[PDB]
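Trainee: Can you read through this structure? Questions will come right after.
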Amino acid sequence: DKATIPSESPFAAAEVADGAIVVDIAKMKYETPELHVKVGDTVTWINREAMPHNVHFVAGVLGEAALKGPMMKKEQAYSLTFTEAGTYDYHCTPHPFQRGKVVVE
Ligand SMILES: [Cu+]
């Protein structure tokens, strides 16, 4: 795999980690749709709105299987720690028009 998952379920925005690289989900978009990080960094998405959102990477992107993240309710968060360089496209499962990528260097 190309990422590890600190928590399989979402958690409160209040508990996002120090050194957290945060992508807000607001106005029905990933507010940083193209994010550049380093190997070993943890990215945390935080849903700011009432509509649920997730992050979903199809099979072959973060690993052999698709990574369909859990649905984040308002003011919840979800993290991925990227362990290998690459370009990792994702979308929101319920809203496939909502797309982003993480580029890991
Ligand atoms: Cu969404």
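Residues are referred to by chain and number: the chain letter is A, B, ... according to the order shown in the structure tokens, the number counts from 1 in that chain, and ligands are numbered separately from 1 in the order shown.
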Output as a tab-separated table one row per residue of chain A within 10 Å of ligand 1: the closest atom pair and its distance in Å to one decimal place, counting only C-alpha atoms and all ligand atoms, sorted by chain and residue number ascending.
Mentor:
```
residue	atom	partner	partner_atom_place_in_ligand_line	distance
A:25	CA	ligand 1	1 (Cu)	8.0
A:26	CA	ligand 1	1 (Cu)	9.3
A:27	CA	ligand 1	1 (Cu)	9.8
A:28	CA	ligand 1	1 (Cu)	6.2
A:29	CA	ligand 1	1 (Cu)	7.1
A:30	CA	ligand 1	1 (Cu)	8.3
A:47	CA	ligand 1	1 (Cu)	9.0
A:49	CA	ligand 1	1 (Cu)	9.8
A:51	CA	ligand 1	1 (Cu)	7.4
A:52	CA	ligand 1	1 (Cu)	6.4
A:53	CA	ligand 1	1 (Cu)	4.0
A:54	CA	ligand 1	1 (Cu)	6.2
A:55	CA	ligand 1	1 (Cu)	8.0
A:56	CA	ligand 1	1 (Cu)	10.0
A:71	CA	ligand 1	1 (Cu)	9.0
A:72	CA	ligand 1	1 (Cu)	9.4
A:91	CA	ligand 1	1 (Cu)	7.7
A:92	CA	ligand 1	1 (Cu)	4.5
A:93	CA	ligand 1	1 (Cu)	6.7
A:94	CA	ligand 1	1 (Cu)	5.8
A:95	CA	ligand 1	1 (Cu)	4.6
A:96	CA	ligand 1	1 (Cu)	7.4
A:97	CA	ligand 1	1 (Cu)	8.3
A:98	CA	ligand 1	1 (Cu)	6.1
A:99	CA	ligand 1	1 (Cu)	8.8
```
Trainee: DSSP on the backbone: what in segment 4-41 of chain A comes out strand (DSSP E), as a ChimeraX atom specification?
Mentor: /A:4,11-12,21-26,29-30,34-37
Trainee: Write out, as a PDB file, in the first residue's frame, the residues just selected, with C-alpha atoms.
Mentor:
```pdb
ATOM      1  CA  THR A   4      -1.914   3.882   6.149  1.00  0.00           C
ATOM      2  CA  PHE A  11     -13.439  11.783  14.482  1.00  0.00           C
ATOM      3  CA  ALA A  12     -14.190  15.290  15.674  1.00  0.00           C
ATOM      4  CA  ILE A  21      -2.133  19.036   6.865  1.00  0.00           C
ATOM      5  CA  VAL A  22      -5.782  20.008   6.648  1.00  0.00           C
ATOM      6  CA  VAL A  23      -8.073  20.037   3.601  1.00  0.00           C
ATOM      7  CA  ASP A  24     -11.422  21.667   4.330  1.00  0.00           C
ATOM      8  CA  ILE A  25     -14.626  20.460   2.657  1.00  0.00           C
ATOM      9  CA  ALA A  26     -16.798  23.515   2.304  1.00  0.00           C
ATOM     10  CA  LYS A  29     -15.818  21.244  -2.781  1.00  0.00           C
ATOM     11  CA  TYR A  30     -12.459  20.097  -1.525  1.00  0.00           C
ATOM     12  CA  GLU A  34      -4.539  19.782  -5.486  1.00  0.00           C
ATOM     13  CA  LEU A  35      -2.388  19.257  -2.382  1.00  0.00           C
ATOM     14  CA  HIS A  36       1.387  18.590  -2.418  1.00  0.00           C
ATOM     15  CA  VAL A  37       2.877  16.740   0.587  1.00  0.00           C
TER      16      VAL A  37
END
```
Trainee: Select, from A:33, A:15, A:102, A:59, the residue with the minimum atom-to-atom distance to residue 77 of chain A, counting only C-alpha atoms.
Mentor: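 Closest to residue 77 of chain A of all the choices is A:15.
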Trainee: I'd like the contact shell of residue 82 of chain A - 12 Å cut-off, only C-alpha atoms, skipping same-chain residues fewer than 6 positions apart - returned as number ranges by chain.
Mentor: A: 1-6, 21, 36-44, 61-63, 88, 102-105
Trainee: Emit the selected residues as a PDB file, in the first residue's frame, including N, CA and C atoms.
Mentor:
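Final output, result.pdb:
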```
ATOM      1  N   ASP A   1       0.819  -1.198   0.000  1.00  0.00           N
ATOM      2  CA  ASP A   1       0.000   0.000   0.000  1.00  0.00           C
ATOM      3  C   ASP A   1       0.864   1.265   0.000  1.00  0.00           C
ATOM      4  N   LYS A   2       0.146   2.354  -0.301  1.00  0.00           N
ATOM      5  CA  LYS A   2       0.753   3.649  -0.479  1.00  0.00           C
ATOM      6  C   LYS A   2       0.306   4.620   0.607  1.00  0.00           C
ATOM      7  N   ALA A   3      -0.534   4.147   1.525  1.00  0.00           N
ATOM      8  CA  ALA A   3      -0.996   4.962   2.639  1.00  0.00           C
ATOM      9  C   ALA A   3      -1.368   3.984   3.778  1.00  0.00           C
ATOM     10  N   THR A   4      -1.358   4.533   4.975  1.00  0.00           N
ATOM     11  CA  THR A   4      -1.914   3.882   6.149  1.00  0.00           C
ATOM     12  C   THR A   4      -3.011   4.814   6.703  1.00  0.00           C
ATOM     13  N   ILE A   5      -3.896   4.177   7.450  1.00  0.00           N
ATOM     14  CA  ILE A   5      -5.109   4.834   7.954  1.00  0.00           C
ATOM     15  C   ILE A   5      -5.058   4.955   9.476  1.00  0.00           C
ATOM     16  N   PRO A   6      -4.812   6.134  10.046  1.00  0.00           N
ATOM     17  CA  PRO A   6      -4.714   6.240  11.512  1.00  0.00           C
ATOM     18  C   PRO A   6      -6.007   5.774  12.181  1.00  0.00           C
ATOM     19  N   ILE A  21      -1.970  18.318   8.111  1.00  0.00           N
ATOM     20  CA  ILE A  21      -2.133  19.036   6.865  1.00  0.00           C
ATOM     21  C   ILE A  21      -3.626  18.956   6.503  1.00  0.00           C
ATOM     22  N   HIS A  36       0.062  19.200  -2.318  1.00  0.00           N
ATOM     23  CA  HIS A  36       1.387  18.590  -2.418  1.00  0.00           C
ATOM     24  C   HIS A  36       1.935  18.340  -1.016  1.00  0.00           C
ATOM     25  N   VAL A  37       2.311  17.106  -0.707  1.00  0.00           N
ATOM     26  CA  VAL A  37       2.877  16.740   0.587  1.00  0.00           C
ATOM     27  C   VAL A  37       4.106  15.849   0.343  1.00  0.00           C
ATOM     28  N   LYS A  38       4.763  15.530   1.471  1.00  0.00           N
ATOM     29  CA  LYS A  38       5.938  14.670   1.479  1.00  0.00           C
ATOM     30  C   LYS A  38       5.588  13.284   1.978  1.00  0.00           C
ATOM     31  N   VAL A  39       6.387  12.282   1.573  1.00  0.00           N
ATOM     32  CA  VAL A  39       6.253  10.961   2.152  1.00  0.00           C
ATOM     33  C   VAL A  39       6.359  11.088   3.678  1.00  0.00           C
ATOM     34  N   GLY A  40       5.383  10.389   4.312  1.00  0.00           N
ATOM     35  CA  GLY A  40       5.284  10.348   5.735  1.00  0.00           C
ATOM     36  C   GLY A  40       4.270  11.323   6.297  1.00  0.00           C
ATOM     37  N   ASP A  41       3.808  12.292   5.483  1.00  0.00           N
ATOM     38  CA  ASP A  41       2.834  13.272   5.976  1.00  0.00           C
ATOM     39  C   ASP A  41       1.453  12.630   6.069  1.00  0.00           C
ATOM     40  N   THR A  42       0.734  13.109   7.077  1.00  0.00           N
ATOM     41  CA  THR A  42      -0.655  12.799   7.294  1.00  0.00           C
ATOM     42  C   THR A  42      -1.536  13.978   6.793  1.00  0.00           C
ATOM     43  N   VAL A  43      -2.466  13.660   5.895  1.00  0.00           N
ATOM     44  CA  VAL A  43      -3.460  14.602   5.413  1.00  0.00           C
ATOM     45  C   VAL A  43      -4.762  14.328   6.164  1.00  0.00           C
ATOM     46  N   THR A  44      -5.407  15.413   6.593  1.00  0.00           N
ATOM     47  CA  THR A  44      -6.682  15.309   7.283  1.00  0.00           C
ATOM     48  C   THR A  44      -7.714  16.134   6.564  1.00  0.00           C
ATOM     49  N   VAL A  61      -4.948   2.892  -6.762  1.00  0.00           N
ATOM     50  CA  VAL A  61      -4.454   4.229  -6.479  1.00  0.00           C
ATOM     51  C   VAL A  61      -3.658   4.237  -5.175  1.00  0.00           C
ATOM     52  N   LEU A  62      -4.321   3.991  -4.039  1.00  0.00           N
ATOM     53  CA  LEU A  62      -3.594   3.853  -2.731  1.00  0.00           C
ATOM     54  C   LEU A  62      -3.138   2.456  -2.402  1.00  0.00           C
ATOM     55  N   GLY A  63      -3.568   1.510  -3.215  1.00  0.00           N
ATOM     56  CA  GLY A  63      -3.294   0.118  -2.917  1.00  0.00           C
ATOM     57  C   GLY A  63      -4.111  -0.713  -3.877  1.00  0.00           C
ATOM     58  N   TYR A  88      -2.275  10.844  -6.364  1.00  0.00           N
ATOM     59  CA  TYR A  88      -3.393  10.083  -5.806  1.00  0.00           C
ATOM     60  C   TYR A  88      -4.688  10.871  -5.985  1.00  0.00           C
ATOM     61  N   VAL A 102      -3.971  14.311  -4.183  1.00  0.00           N
ATOM     62  CA  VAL A 102      -2.831  14.508  -3.324  1.00  0.00           C
ATOM     63  C   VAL A 102      -1.584  14.052  -4.130  1.00  0.00           C
ATOM     64  N   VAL A 103      -0.633  14.959  -4.287  1.00  0.00           N
ATOM     65  CA  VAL A 103       0.681  14.628  -4.937  1.00  0.00           C
ATOM     66  C   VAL A 103       1.677  14.497  -3.808  1.00  0.00           C
ATOM     67  N   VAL A 104       2.325  13.360  -3.725  1.00  0.00           N
ATOM     68  CA  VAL A 104       3.267  13.039  -2.639  1.00  0.00           C
ATOM     69  C   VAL A 104       4.658  12.938  -3.274  1.00  0.00           C
ATOM     70  N   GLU A 105       5.592  13.687  -2.708  1.00  0.00           N
ATOM     71  CA  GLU A 105       6.951  13.840  -3.200  1.00  0.00           C
ATOM     72  C   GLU A 105       7.940  13.280  -2.186  1.00  0.00           C
TER      73      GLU A 105
END
```
Trainee: Compare A:80, A:60, A:48, A:85 by their minimum atom-to-atom distance to residue 13 of chain A, counting only C-alpha atoms, and give me the closest one.
Mentor: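 Nearest to residue 13 of chain A: A:48.
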Trainee: Which distance in Å separates atom CA of residue 65 of chain A and atom CA of residue 20 of chain A, to one decimal?
Mentor: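 The value is 25.2 Å.
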Trainee: Measuring between only C-alpha atoms, which one of A:90, A:81, A:69, A:46 shows the shortest distance to residue 8 of chain A?
Mentor: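 So, comparing all the options, the nearest one is A:69.
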